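Reviewing the structure listed below.
In listed order, ligands and their atoms are each counted from 1. Note that the numbering runs from 1 along the sequence shown for the chain.
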Amino acid sequence: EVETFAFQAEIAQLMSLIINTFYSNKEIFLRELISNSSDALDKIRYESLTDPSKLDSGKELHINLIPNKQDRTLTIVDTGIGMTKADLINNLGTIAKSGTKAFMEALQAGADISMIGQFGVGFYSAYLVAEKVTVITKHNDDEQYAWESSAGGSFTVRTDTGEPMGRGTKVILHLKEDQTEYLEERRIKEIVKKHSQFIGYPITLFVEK
Ligand SMILES: N#Cc1cccc(-n2cccn2)c1
C-alpha cells in the first residue's frame, strides 16, 4: 500500500533548482548526507544517556558507504535515531519550508549551492547526483518505512517489508547515468577525506566485488 504526497510548492521549487541549475561542484552531496547521519547519531547517543534502553535496537553507532555498480546505487547507512512517519510526511518539510526561503534569499544575495546545509535542506542536494532517492528508516517509536521520490513534485511513503534495520536510516541514491564516478572507491575516499575528515563516528567505505 503506497501513499503518494505532493511536496510543498516551495520544496518542489528547491528541487527543480537543484536539478536544473548548472553547478559542477556536485560532490558536496556526500558531505551533506554524512553530516545528516552524524546529527542523527548524535541524537540517539544523547537520548541513550538518560534512557539506556533506546539502544536495545542496536548499540553500534556508525556510518557505512555502500556503492553498487550493477544497481548503479550509492547507499549511505547510519544507525542514528531514524525518522517517524510524521517526520517523513510533515515535520521535516515544515522545517524545510523556512530554511528553503532563507536559502533562496542567500542564493540571490551571492551565496552558492554548497552552502545549502546551513539552511537545514542539505538532504535535497542528493538530487545533484541521483535521479531517484529511496530512504529506508526505522525510529524506535514507529515502524520501518520507505520514502521515495524522483522529484517532479511528489514523493511516496510505504511501510517497508524488506530486511529489518533495527534503527537508523538508509539513503539509496539511484545515480544519474553521468554521475557514476561516485561509485568509484578512490573518488569516494577523496571526497570523505576532503569534506568529512572529522566526523566523530566510524565511516566504513565498502568495496565491491
Ligand atoms: N534521509 C532523509 C529524508 C527523507 C525524507 C525527507 C527528508 N527531508 C525533508 C526535509 C529535509 N530532509 C530527509
Side-chain angles (χ1 to χ4, degrees), residues 2-19 28-44 61-66 73-104 106-107 113-160 162 165-175 182 196 199 201 203:
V2 189
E3 293 179 296
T4 304
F5 302 91
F7 287 113
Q8 291 163 106
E10 298 83 353
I11 292 312
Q13 180 168 222
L14 171 67
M15 316 174 68
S16 305
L17 179 148
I18 284 158
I19 288 163
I28 62 103
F29 83 92
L30 188 59
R31 175 188 67 200
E32 297 310 322
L33 298 177
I34 289 174
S35 178
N36 284 359
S37 288
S38 179
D39 294 347
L41 291 158
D42 288 345
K43 281 176 203 169
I44 190 58
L61 306 177
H62 62 61
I63 303 169
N64 295 333
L65 307 180
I66 313 178
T73 59
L74 175 66
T75 297
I76 296 91
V77 188
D78 68 70
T79 48
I81 193 153
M83 290 174 279
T84 63
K85 189 182 201 195
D87 287 333
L88 295 174
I89 299 168
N90 304 125
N91 302 334
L92 291 178
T94 303
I95 279 79
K97 187 166 183 294
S98 49
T100 294
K101 186 203 197 270
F103 179 48
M104 278 147 141
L107 275 185
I113 285 199
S114 83
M115 253 178 297
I116 179 171
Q118 312 177 42
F119 303 93
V121 291
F123 166 76
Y124 286 122
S125 73
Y127 291 89
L128 295 169
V129 299
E131 62 193 14
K132 181 169 82 193
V133 179
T134 309
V135 179
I136 314 295
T137 189
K138 172 73 172 70
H139 189 282
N140 281 329
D141 295 345
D142 216 332
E143 301 292 296
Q144 191 161 305
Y145 295 98
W147 176 106
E148 191 164 80
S149 183
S150 292
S154 64
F155 62 98
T156 63
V157 179
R158 65 201 83 181
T159 293
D160 182 46
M165 276 170 78
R167 187 202 61 249
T169 294
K170 169 158 46 133
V171 178
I172 305 172
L173 305 177
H174 306 259
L175 294 185
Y182 303 110
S196 305
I199 299 288
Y201 298 97
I203 301 181

- Message: Applying side chain to side chain donor-acceptor pair (under 3.5 Å), can you list everything that pairs with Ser114, at least two apart in sequence or on another chain?
- Response: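 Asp112.
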
- Query: Do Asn91 and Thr94 have side-chain atoms, one donor and one acceptor, less than 3.5 Å apart?
  - Reply: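 Absent: no donor and acceptor within the cut-off.
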
- Which residues satisfy the side chain to side chain contact (heavy atoms under 4.5 Å, CB included) test with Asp141, sequence neighbours excluded?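 Once residues adjacent in sequence are excluded, the partners of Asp141 under the side chain to side chain contact (heavy atoms under 4.5 Å, CB included) criterion are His139.
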
- Message: With heavy-atom distances below 4.5 Å as the criterion, would you say the side chains of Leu173 and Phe29 are in contact?
- Response: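 Sidechains of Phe29 and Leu173: in contact.
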
Distance-only donor-acceptor hits, side chain of residues 3-19, under 3.5 Å, sequence neighbours excluded:
from	atom 1	to	atom 2	distance (Å)
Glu3	OE1	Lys85	NZ	3.1
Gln8	NE2	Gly93	O	3.1
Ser16	OG	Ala12	O	2.9

- Message: Test side chain to side chain contact (heavy atoms under 4.5 Å, CB included) on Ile89 and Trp147; report intermediate values, then the result.
- Response: CA-CA 9 Å; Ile89 299 168; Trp147 176 106; over 6 Å; no

- Can you pull the residues with any heavy atom under 4.0 Å from ligand 1?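 Shell around ligand 1 (4.0 Å, heavy atoms): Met83, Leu88, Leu92, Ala96, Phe123, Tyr124, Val135, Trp147, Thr169, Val171.
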
